[PDB]
Each structure stands twice: as structure tokens, then as C-alpha cells.
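Look below for two forms of one protein chain, each set out as C-alpha cells: first structure 1, then structure 2.
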Structure 1
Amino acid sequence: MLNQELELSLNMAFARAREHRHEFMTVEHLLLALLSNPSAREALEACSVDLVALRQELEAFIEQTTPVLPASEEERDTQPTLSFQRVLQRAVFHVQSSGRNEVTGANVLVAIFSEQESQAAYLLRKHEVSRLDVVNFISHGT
């Protein structure tokens, strides 16, 4: 049910975490991946969000908080955490309820706002991304 561009973003996120040997991937990794997803980026530019500043702070936070695998063996692949899974599950079932067939990066962006205590949500608020604006742009513009 995921559209090509969203599948690409998720694959890129996985491939990035493997390159970095990151032990797990949180909702913050997901948001970082969405900053270059056309659907989610378009929604963010419509809100006049400074994507450069947002990306830099998100990247800093990830590197500073994500454990990195030692040159040792075992668990070579990264694992999505409960926040990463919840957000995707939320988007998928919200789209299914809207009668639409495709899940886009923008739908996933809206779902991230529901992870209220996450650093991802904190940074969206910090950078003045109103969920109301995002939702209005999606309902009408897509």
C-alpha cells in the first residue's frame, strides 16, 4: 500500500542506519528520511519551514543518541523501534480508512505528530510546523 517514493524513503533510512551501524531506528530516523521524500517535503515547504535547520538538528540528535555496533558480530541488521512501527501503522490504517489506496510520505508526516513526547515532534514544534497546516494541505491539495 506504500507508494514508490515512500518505499524509497524507508529503504534509504534502512540503508543509512546500516552504513552507520546504528543498532536501532526511531521515529527521528523516519522523520529525517521524510525530509527528502517529495510528498512530505512539499507539505513542509508549503508551511515555510526552514528544512536546512530542521535537518541539521535532527541529524545531530540522531548521531548523539543512537548506539553504534562495535566491530564485533551478532545483530548486523538495524531494528525499527516501537515509535517507528506505531507511526507507520497509524499512517497505513488512517489511509485505509480514508478510502485511498496509496500511503504517502505526507501521511506518515501527519502520523509523527501523534508521538507527542518524541524528540521528532518536539523539533517540529520548535521549528513552527503546525499539524493543522499539514493536514489542510493534504486533504485539499492531494
Structure 2
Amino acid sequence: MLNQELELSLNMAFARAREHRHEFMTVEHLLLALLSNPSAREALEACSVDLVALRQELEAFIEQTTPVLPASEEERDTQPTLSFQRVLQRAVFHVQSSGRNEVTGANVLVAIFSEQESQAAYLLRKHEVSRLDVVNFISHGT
């Protein structure tokens, strides 16, 4: 089960994207929303990430590369990208494969690293965070 805070993060990301009329809710919208999801935020602070710079790089990339639906088009609305779907599915899988059920924003952060052609994974590595960095933090704290 996606925990409550993760679910709050996802629904607001989606609402923000719909309000901006974006054709897609991307893995970048997802990472941007995790910046303020306690669980994922804590992991990132533990990796000494400049959350202000990352927020900015995410917002710029999002508005510059996400197609906007025509004021006309009201028959189709904001859809998640395939990459976004895979990340959620991967986060559930990683948690279940360890015998647990609660999915947190930090597990979703771990799953983002597997979308190798995503700007989100790129940016995370650019800020020197590895998948294992996040897993160690989840397993062993700071």
C-alpha cells in the first residue's frame, strides 16, 4: 500500500500538472513532488543535496519540455508517462520483494534510478546520489 504521505504527494503532483494543462505527468513531476515528501526529503538531505537547486532544475525542465494540451482539446486529459508508471510499479515490487507492504516516498525515489533515460535519474546522479545511497539510508539511517 502506498502510504498516506506518498499518496498525498502523488495526488497533488497530478493536480498541479492538470492545472497547468500538461499532457503528461512525468517522472520529473514525481521527483519534484518527492522533494517535499518527508520520507524522500530526509533521504536526500542525508545525501547533502541542494534541494533548492534540484527544485529549480526540475521546474525548468518540466515547463520547457512537457507538452501542454490545447485550450481546445477537452476530450483528452493529463496522463502519466510509461516511465512514471514503471517507477510506481517498481517501488511496489522492491518493497514486496523484501516481504513488506508499506511503500514510502523513499522507495519511490529508489525506483526512479531504474528509469535510466529519465531527466530525473540524470539530475539525481548529477547531484551525486546513487540508488545504493538511498537504500543504505533507508536501511541504516544517517
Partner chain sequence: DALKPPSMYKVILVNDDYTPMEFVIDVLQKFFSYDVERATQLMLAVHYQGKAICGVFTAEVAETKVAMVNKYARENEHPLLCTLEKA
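Reference numbering: structure 1, starting with residue 1. Whichever C-alpha set is largest while still superposing within 1.5 Å between the two forms counts as the rigid core.
Participant: Name the structure that matches the description of the form solved in complex with the partner chain.
Facilitator: Structure 2 is the one solved in complex with the partner chain.
Participant: So that I can tell if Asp50 moves, could you say whether its C-alpha shifts by at least 2 Å between structure 1 and structure 2 after the core superposition?
Facilitator: No, its C-alpha moves less than 2 Å.
Participant: Superposing on the rigid core, do we see a C-alpha displacement of 2 Å or more at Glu63 between structure 1 and structure 2?
Facilitator: It does not, since the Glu63 C-alpha is displaced less than 2 Å between structure 1 and structure 2 after the core fit.
Participant: How many Å does the Cα of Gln116 travel between structure 1 and structure 2 when the structures are matched on their rigid core?
Facilitator: Shift of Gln116 at C-alpha, rigid core superposed: 1.2 Å.
Participant: Quick one: how many Å does the C-alpha of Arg76 shift between structure 1 and structure 2 once the rigid core is superposed?
Facilitator: So the C-alpha of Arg76 has moved 4.9 Å between structure 1 and structure 2.
Participant: Superpose the two forms on the rigid core, then give the C-alpha shift of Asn11 between structure 1 and structure 2 in Å.
Facilitator: A shift of 0.4 Å.
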